[PDB]
Structure formats: C-alpha cells, structure tokens
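Heads up, the thing below is written out as structure tokens.
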Amino acid sequence: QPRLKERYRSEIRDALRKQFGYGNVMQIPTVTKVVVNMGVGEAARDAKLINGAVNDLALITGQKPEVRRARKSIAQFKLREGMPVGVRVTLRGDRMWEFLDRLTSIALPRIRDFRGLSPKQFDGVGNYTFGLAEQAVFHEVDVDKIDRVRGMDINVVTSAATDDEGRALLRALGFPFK
Amino acid sequence: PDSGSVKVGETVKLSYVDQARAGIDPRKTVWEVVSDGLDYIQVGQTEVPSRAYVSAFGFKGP
Amino acid sequence: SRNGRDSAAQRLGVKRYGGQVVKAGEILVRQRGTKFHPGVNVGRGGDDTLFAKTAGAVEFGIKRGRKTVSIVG
Amino acid sequence: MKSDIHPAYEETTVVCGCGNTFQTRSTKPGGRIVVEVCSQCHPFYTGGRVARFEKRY
Amino acid sequence: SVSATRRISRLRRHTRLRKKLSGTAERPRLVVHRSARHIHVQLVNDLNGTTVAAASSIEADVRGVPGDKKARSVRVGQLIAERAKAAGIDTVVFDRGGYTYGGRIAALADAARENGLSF
Amino acid sequence: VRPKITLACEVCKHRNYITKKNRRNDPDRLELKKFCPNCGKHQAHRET
RNA sequence: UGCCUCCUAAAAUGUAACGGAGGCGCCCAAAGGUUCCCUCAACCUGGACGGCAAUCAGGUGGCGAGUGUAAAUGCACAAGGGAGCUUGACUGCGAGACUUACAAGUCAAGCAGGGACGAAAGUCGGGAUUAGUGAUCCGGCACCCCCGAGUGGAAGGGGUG
Ligand SMILES: [Mg+2]
Ligand SMILES: [Mg+2]
Ligand SMILES: [Mg+2]
Ligand SMILES: [Mg+2]
Ligand SMILES: [Mg+2]
Ligand SMILES: [Mg+2]
Ligand SMILES: [Mg+2]
Ligand SMILES: [Mg+2]
Ligand SMILES: [Mg+2]
Ligand SMILES: [Mg+2]
Ligand SMILES: [Mg+2]
Ligand SMILES: [Mg+2]
Ligand SMILES: [Mg+2]
Ligand SMILES: [Mg+2]
Ligand SMILES: [Mg+2]
Ligand SMILES: [Zn+2]
Ligand SMILES: [Zn+2]
C-alpha cells in the first residue's frame with residue numbers, strides 16, 4: 008500500500024465535495040496517469056542511448072521504458088523517419104503513486120527557488136507538465152556511473168474538467184506552487 | 373593486474389583497435405558495422421555523415 | 010515538339026447490363042479499381058473484372074454507399 | 001512482458017538527516033536510499057536603493 | 004469516457020469480420036454478447052434476420068448453476084447446441100461478436116461442438 | 007543486379023523452380039519450402 | 001518509331017494531327033500469403049536544452065494524409081499503420097467469357113494432389129489496379145529414358161522445365 012494513495016481517498020476525496028456542489032462521487036477528480044519522457048534529440052548521433060536512455064529512466068521509474076520513433080524526416084535536425092529519438096515510460100495505478108510520493112518528497116523539494124513550480128502550467132483540462140534540468144538527484148542513480156547528463160519532463164493526467172479544479176487536486180498531493 | 377600500478381591521467385581519451393576484430397559482427401553489413409544504423413556519427417566531436425565516412429576507407433556505393 | 014505519344018486504349022466499361030440473362034462465368038464489368046463493387050453471386054477478380062459465379066439475370070443497386078453488381082439466379 | 005526484463009523493485013525504507021522517515025518502494029539495492037533534505041524540513045507551511061545612506065553614507 | 008471507446012471500438016471490430024462471414028439458412032450464424040456479468044447467444048439466418056433459436060445465461064436453468072462465469076458458459080453452450088437440433092441445424096459459423104477468442108467465449112464454442120454443431 | 011536464379015530440390019536435385027532475388031541484399035542462397043512433383047511432397051530448395 | 005495513364009473524344013466501346021501534358025526497359029526474400037489489431041494529415045493549448053518543425057499529454061478533427069514508382073479509377077469497411085508465424089512468388093487442370101483481321105493479350109469460379117495461416121468460416125496459383133517488355137529460327141543446360149539406319153550399345157535426334 009503506497010502511502011500517498013491511502014492519503015488520497017481518505018480526506019482529499021472528502022475535501023473537494025465541500026468546494027463544489029456535486030451530485031455524485033464519480034465527478035470528483037483522480038490522477039489517472041503520469042508520463043515521463045526524456046526526448047533525447049542528441050540520440051540521432053552516435054547511439055548513446057543503450058546504456059544512456061533506457062537504464063537511467065529505469066532506475067528513476069521502475070520499469071523499462073518505450074523507445075519511440077520519429078513520425079517524419081527533418082533535414083535540419085539530422086533526423087530520419089524511423090530513428091530512435093525519444094524514450095517514454097508510463098505509470099498507472101499503484102506504481103504511479105510510488106513515483107508521485109518519491110518525486111514530491113525526496114526529489115522535487117531538491118528543486119531550488121521556492122516559488123514552487125508554476126501554477127500556470129496547465130493545459131485547459133487539468134493536465135500538468137513540468138521539467139527537470141539534469142539527471143536529478145533521484146538518489147537511485149549515481150553520478151560516477153553515468154554518461155552525459157540529460158533532463159526530462161513529466162506529464163500528469165487527471166480527470167479534471169477545468170484548470171483550477173485540476174490545480175486543487177494536484178496541490179494537495181505534494182506539488183509546491185505559488 | 374596482480375601487483376604494480378598503472379597511472380593514466382585525465383588528459384587522455386582511449387581509442388583501441390584490437391587483434392580479435394570483435395567489433396565487427398559477421399551478420400550485418402558495412403554501413404551498420406561502423407555507423408550503427410544511424411546517419412551522422414561523432415568522430416572528432418564533429419558532425420561527419422556516415423556514408424561519407426565509410427567512403428573515406430574505400431567502401432563506397434555497392 | 011515534345012509530346013505525341015499515347016498508349017493503346019484498354020476497352021474498359023460495363024459489358025453486360027441490367028436485366029440481362031448471363032451464363033456462369035461471364036465478365037460483367039471490366040474496370041480499374043473498384044468503381045463497381047461485387048454483390049451477391051459476383052466475384053471480383055485479379056484486376057477488378059467482376060465475373061459471374063452462377064447463371065442468372067443481372068441487377069444493379071446501392072448497398073451502403075457502394076454501387077453493386079448482383080445476380081438474381 | 002511484465003516478467004524479468006524490468007529492474008528489481010522491492011520496498012525501501014528511506015531516512016533523512018532530519019529524522020523524519022517513511023517507507024516506500026524503489027529500486028535501491030538494500031533498502032538503503034539516504035537523503036540529506038526532505039519535504040518536511042522546509043516551508044510550504046508559512047514561508056543602490058534608498059536604504060543606502062542609512063549607514064550615514 | 005471509456006464507456007464509449009469500448010462500444011465504438013467493438014462494433015468497429017464486429018463489422019470487420021461480418022464482411023467475410025455471413026450465415027445463411029443452412030449454415031446460420033452464432034452471435035455471442037459478452038457483458039461483464041452474462042453472455043447471450045443467438046442464431047440469426049441473415050436473409051431476413053429471422054433468429055431460429057437463442058439461449059441466454061439469465062434464466063433459471065443457468066442462474067442455478069454452481070461455479071464461476073466460464074462454468075455458466077459451458078452450460079449455455081449445451082443449451083443452444085440442443086436448441087439448434089429442434090430446428091434441424093447441424094453446421095454454423097461462429098461470430099466472435101467482436102471479442103477475442105479465449106476465455107468465456109472459447110468455453111462456449113468448445114461446449115457447443117460436443118453436442119452436435121459441426122464447427 | 008537481380009539475376010534469375012533457380013531452386014533445385016534438396017532430396018533429388020531436380021531444378022523445379024526459377025525466380026529473381028537481389029544480389030546485394032541477399033549475398034547467400036535462398037532456402038524456401040516448395041513443392042516437388044518428383045516426390046509429391048514439400049521439400050527444401052536451395053539455389054545453384 | 002514499342003509499352004502505360006489523362007485530355008482532345010461529341011455522357012458505351014472505339015477515334016487522326018510533326019495536337020496538349022507526364023511516365024517505363026524496374027523495384028520488394030518482404031513492399032508476397034494469412035490471422036489479429038489500430039486511424040491519419042493539418043490546426044490550437046501545456047512543457048529541460050526545443051526553435052515554424054524532434055519526443056510527451058489533452059482537445060477539435062470523416063478523409064484535405066498515405067498508396068515503392070507517372071496519371072486516372074479507387075481505398076477510412078480500409079488496399080493506409082503495426083505485430084506473430086510462414087513461402088500459394090505452388091504442381092496437374094480449367095467450364096464459361098472479355099478483347100480481337102491474324103498472331104497475340106486478358107479474366108476465371110470450380111476439381112484433385114501437397115501446403116501456409118486461422119478455434120473455425122474460409123482466404124492464398126505474387127504485389128490496390130493498369131506499364132517494367134521481344135515472335136520464329138538456330139543453339140546451351142538440367143532431367144524423363146521416347147527412336148537408336150544389320151543386332152547389342154553409342155553418336156545424334158526427340159520430350160517436359
Ligand atoms: Mg487511354
Ligand atoms: Mg533482407
Ligand atoms: Mg468515351
Ligand atoms: Mg458518344
Ligand atoms: Mg506483410
Ligand atoms: Mg495493410
Ligand atoms: Mg515467378
Ligand atoms: Mg480454357
Ligand atoms: Mg486442399
Ligand atoms: Mg492448425
Ligand atoms: Mg483460386
Ligand atoms: Mg498481378
Ligand atoms: Mg530466319
Ligand atoms: Mg544399331
Ligand atoms: Mg543422348
Ligand atoms: Zn529532511
Ligand atoms: Zn524432390
């Protein structure tokens with residue numbers, strides 16, 4: 008039992024009913040999926056992704072990630088149609104919360120300049136996305152057994168129908184903001 | 373090693389051609405043996421294209 | 010001049026028409042692509058030639074936005 | 001494919017220098033992930057120019 | 004809205020196999036309907052849509068059966084295979100209904116062949 | 007570049023078939039499981 | 001100067017000019033067969049390097065993308081995209097037809113042998129279709145063991161590829 012999941016339906020599921028006058032417990036939001044991708048655009052040269060893009064996201068998340076291929080060819084990026092350029096993984100259910108806890112407690116408050124992150128980074132549904140500068144200090148990786156550093160960005164998909172309700176959901180889980 | 377010491381230094385980057393020629397895989401062709409299937413390779417920390425790099429060693433066209 | 014070359018015409022079109030009693034195997038419609046679509050008792054063929062499979066009269070009609078070549082045997 | 005290609009992932013009790021500990025699941029071998037800063041050693045709880061001459065400058 | 008992706012993308016598959024598999028007066032078509040609770044099946048005769056024999060898993064002869072949901076599939080496959088043989092039916096085509104062959108439906112198919120339906 | 011090749015049998019060496027392959031994509035001899043009327047059953051076939 | 005597609009072409013077919021536009025003399029051992037699954041382009045919003053455009057998430061989007069290759073007819077039910085095994089890119093036939101001066105060219109359900117895939121129903125005698133080709137003569141090769149110039153053989157001839 009992940010401790011952020013038991014924290015979810017205990018009082019936060021009770022919290023939003025006071026805030027909006029709903030008529031069913033099905034209309035209350037729930038985070039459904041969290042998507043992580045590197046997007047290694049440098050990987051179109053020299054193929055530094057084998058011990059470079061699969062393994063580093065593996066220890067951060069827990070499962071082997073999907074290597075993605077490019078939809079069409081672009082000349083200026085030196086990138087064909089079908090070359091590996093991005094590395095995606097997906098987190099559902101009981102592994103999703105154990106990434107949401109361990110991000111927001113031992114990784115995400117290792118991010119400086121405490122305005123939190125931006126609460127203006129929602130899309131129009133209630134879906135968030137933030138970024139990371141380098142291979143962060145998710146302490147599962149080590150700096151002496153890696154190649155070059157590489158950032159990522161992390162999507163979070165919810166059942167929200169508007170942004171502030173999606174902001175009301177994701178604030179109460181461990182995402183700092185201003 | 374067993375005993376002794378091999379002092380290296382951080383002013384050296386290694387390139388090693390070998391007697392066993394084990395980097396060559398006898399199942400795949402010349403454009404994948406050296407260029408790993410992609411199109412632009414790093415050689416001198418620069419952007420030299422793959423087909424134009426293997427052609428510098430004689431392997432061209434067919 | 011630069012033009013002037015053509016290909017031989019290929020004699021396409023509809024060959025047996027509606028209400029027409031045909032024997033088993035006759036070419037009903039020769040075409041490129043499926044301008045007409047096979048219906049009941051009509052097979053397509055390797056270059057869209059809509060042969061018949063049974064003796065009987067030929068009738069045409071609509072079936073879900075695709076016009077049909079059928080046989081009431 | 002939810003079989004023996006994914007990395008090893010069992011439960012892992014994590015401690016900080018603040019003393020606040022908790023028990024989650026991650027890929028550190030031994031249950032031995034050690035941090036020096038956490039999310040409860042910080043707020044998210046409560047929080056030239058004209059001041060030049062005030063040292064008689 | 005995943006109660007609409009499941010309906011739209013199962014009559015997208017049901018009409019994919021219905022092209023090549025028709026079912027007539029001598030070889031009718033057996034259409035299963037796998038919900039999350041029950042299964043239904045009927046034999047349809049696609050010339051005027053006249054169903055010849057159905058057998059549901061909702062009446063008392065199947066509702067009073069011990070076992071799990073596959074065990075009520077093996078029972079209802081013994082129903083229509085002996086409800087076909089009052090209409091005089093001995094070969095049929097098996098419509099997957101859009102679903103995957105395996106599980107509750109494959110236990111209806113292998114329990115409808117042990118009582119006469121030659122497929 | 008696409009020479010005509012021929013597929014002899016592997017039991018009885020009859021040259022039963024003939025087709026084309028790309029000589030630089032496939033520098034080795036094709037193996038397919040084709041019929042043989044001498045034997046009346048499928049056998050293997052290499053090139054010559 | 002032969003071959004394919006459009007237009008001239010007068011709403012079946014056909015139809016000339018040193019009329020008007022373009023292609024072909026190949027490609028694919030999977031880009032074929034099959035069973036199964038999926039939906040595109042473009043546009044808007046949010047995001048580490050990221051920009052008009054790499055990778056991610058969510059909206060609106062019924063064919064404006066894609067088709068190995070010119071154009072036309074087609075294809076969203078997909079022939080478009082992805083995956084698992086495979087060799088039907090078979091052998092013996094082929095009722096009946098299209099086109100046709102002749103020679104040619106084209107399509108073919110269905111029958112058996114032996115297979116592939118599918119739980120079955122069934123589909124498969126190359127490719128979404130139409131081009132990627134060349135008569136006869138005379139030679140080469142492999143096999144069948146048909147005739148063998150008195151007889152036994154052989155030389156040579158012949159047959160199916
Ligand atoms: Mg023409
Ligand atoms: Mg190959
Ligand atoms: Mg005309
Ligand atoms: Mg006219
Ligand atoms: Mg294929
Ligand atoms: Mg396809
Ligand atoms: Mg051939
Ligand atoms: Mg004939
Ligand atoms: Mg057979
Ligand atoms: Mg089988
Ligand atoms: Mg056939
Ligand atoms: Mg063909
Ligand atoms: Mg002569
Ligand atoms: Mg003699
Ligand atoms: Mg001789
Ligand atoms: Zn701390
Ligand atoms: Zn043989």
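Protein chains in written order, with UniProt numbering: chain X, 8 to 185; chain V, 373 to 434; chain H, 10 to 82; chain F, 1 to 47, 56 to 65; chain D, 4 to 122; chain Z, 7 to 54.
Don't be surprised by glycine CBs; every beta carbon is placed ideally from N, CA and C.
Output, in chain order, the set of chain F residues within a Cβ distance shorter than 9 Å of residue 9 of chain X.
One-based indexing of the first sequence puts residue 9 of chain X at position 2. Within chain F, the residues near residue 9 of chain X are 24 and 25.
Between H:37, H:21 and H:17, which has its C-alpha nearest residue 61 of chain H's C-alpha?
Taking the first residue of the third sequence as position 1, residue 61 of chain H is located at position 52. Of the candidates H:37, H:21 and H:17, the one whose C-alpha sits nearest the C-alpha of residue 61 of chain H is H:37.
Beta-carbon separation of residue 353 of chain V and residue 389 of chain V under 9 Å?
Nothing can be reported for residue 353 of chain V, as the shown portion of chain V is limited to 373 through 434.
Applying the criterion that 16 or more other CB atoms from any shown protein chain within 10 Å of the CB defines a buried residue, is residue 33 of chain X buried or exposed?
Start at 1 with the first residue of the first sequence, and residue 33 of chain X comes out as number 26. So residue 33 of chain X counts as exposed.
Can you tell me whether residue 147 of chain X is buried or exposed, with buried defined as 16 or more other CB within 10 angstroms of its CB?
Here residue 147 of chain X corresponds to residue number 140 of the first sequence, with the count starting at 1. Buried.
What does the Cβ neighbour count give for residue 227 of chain X, buried or exposed, with the cut at 16 atoms within 10 Å?
No statement about residue 227 of chain X is possible, as the shown extent of chain X runs from 8 to 185 and does not include it.
How would you label residue 53 of chain D, buried or exposed, when you count the other beta carbons within 10 angstroms and need 16 or more for buried?
Counting from 1 along the fifth sequence, the entry for residue 53 of chain D is found at position 50. The residue is exposed, with fewer than 16 neighbouring Cβ atoms inside 10 Å.
Give me, in chain order, the residues of the same chain whose beta-carbon lies closer than 8 Å to that of residue 164 of chain X; leave out the 5 immediate sequence neighbours on both sides.
Position 157 of the first sequence, counted from the start, is the residue given in the question as residue 164 of chain X. So the list reads 38, 39, 40, 41, 42 and 134, once near-sequence residues are dropped.
Could you tell me which chain V residues have their CB closer than 8 Å to the CB of residue 90 of chain X, listed as they occur along the chain?
To locate residue 90 of chain X, count along the first sequence from 1; it is residue 83. Ordered by position in chain V, the residues that pass the 8 Å Cβ test against residue 90 of chain X are 410 and 411.
Within 8 Å: the Cβ of residue 17 of chain F and any heavy atom of ligand 16?
Translated into the one-based positions of the fourth sequence, residue 17 of chain F becomes position 17. For ligand 16, at least one heavy atom lies less than 8 Å from the Cβ of residue 17 of chain F.
Looking at the C-beta of residue 414 of chain V, does it have a partner C-beta in chain X at a distance below 9 Å?
Within the second sequence, the letter at position 42 stands for residue 414 of chain V. Taking Cβ atoms only, chain X reaches closer than 9 Å to residue 414 of chain V, which makes this a yes.
Compare the Cα-Cα distances from residue 13 of chain F to each of F:27, F:32 and F:3 and report the closest residue.
Locating residue 13 of chain F in the fourth sequence gives position 13, counting from the first residue. Closest by alpha carbon: F:32.
Using beta carbons (cut-off 9 Å, strictly below), is residue 382 of chain V in contact with chain X?
For the purposes of this step, residue 382 of chain V is taken as residue 10 along the second sequence, with counting starting at 1. Chain X contact via Cβ: absent.
Across which residues does DSSP place residue 26 of chain X in a beta bridge pair?
In the first sequence, the residue the question calls residue 26 of chain X occupies position 19. Beta-bridge pairing links residue 26 of chain X to no other residue.
Within the present structure, is the beta-carbon of residue 56 of chain H separated from the nearest heavy atom of ligand 1 by less than 8 Å?
Residue numbering aside, residue 56 of chain H sits at position 47 when the third sequence is read from its first letter. Not so, every heavy atom of ligand 1 lies at least 8 Å from the Cβ.
If you draw a straight line from the C-alpha of residue 186 of chain X to the C-alpha of residue 160 of chain X, how long is it?
For residue 186 of chain X there is no data in the structure shown, the boundaries of chain X being 8 and 185.
If you compare alpha carbons, which of D:101, D:107, D:93 and D:105 is closest to residue 121 of chain D?
Taking the first residue of the fifth sequence as position 1, residue 121 of chain D is located at position 118. Nearest option by C-alpha distance: D:93.
Three or more C-beta pairs closer than 8 Å, one from the segment 97-115 of chain D and one from the segment 63-82 of chain D: is that the case here?
yes
Within this structure, are the beta carbons of residue 6 of chain F and residue 65 of chain X separated by less than 9 Å?
The sequence position of residue 6 of chain F within the fourth sequence is 6, counting from 1. The sequence position of residue 65 of chain X within the first sequence is 58, counting from 1. It is a contact, given that the beta carbons lie within the stated cut-off.
Name the chain F residues that come within less than 7 Å of residue 108 of chain X, Cβ to Cβ?
Taking the first sequence and counting its residues from 1, the one referred to as residue 108 of chain X is at position 101. Simply 24.
Bridge partners of residue 29 of chain H, per DSSP?
On the third sequence, residue 29 of chain H is found 20 positions in, with the first residue counted as 1. Bridge partners of residue 29 of chain H: none, in fact.
Please list, in chain order, the chain F residues whose beta carbon lies closer than 8 Å to that of residue 181 of chain X.
To locate residue 181 of chain X, count along the first sequence from 1; it is residue 174. Within 8 Å Cβ-Cβ: 39.
If the cut is a Cβ gap below 8 Å, which residues of chain V does residue 52 of chain X touch?
What you label residue 52 of chain X is simply residue 45 of the first sequence in a count that begins at 1. The answer, in chain order, is 410, 412, 413, 414 and 419.
According to DSSP, simplified to helix, strand and coil, what is residue 32 of chain D?
Taking the first residue of the fifth sequence as position 1, residue 32 of chain D is located at position 29. Note: residue 32 of chain D maps to strand in three-state DSSP.
Run down chain V in chain order and give the residues with a C-beta less than 8 Å from the C-beta of residue 85 of chain X.
Position 78 of the first sequence, counted from the first residue, corresponds to residue 85 of chain X. Within chain V, the residues near residue 85 of chain X are 411, 412 and 419.
Name, please, each residue of chain X whose Cβ falls closer than 7 Å to the Cβ of residue 44 of chain F.
By 1-based counting over the fourth sequence, the position of residue 44 of chain F is 44. The answer, in chain order, is 183.
Across the segment 29-45 of chain D and the segment 54-62 of chain D, are there enough close Cβ pairs to call them in contact, namely three or more that are closer than 8 Å?
yes
If you reduce the DSSP assignment to three classes, tell me which class residue 98 of chain D lands in.
Within the fifth sequence, numbered from 1, the residue matching residue 98 of chain D stands at position 95. Strand, per DSSP.
Can you pull the chain F neighbours of residue 117 of chain X, defined as C-beta to C-beta under 7 Å?
Numbered from 1 along the first sequence, position 110 holds the residue referred to as residue 117 of chain X. Going along chain F in sequence order, the residues near residue 117 of chain X (Cβ under 7 Å) are 37.
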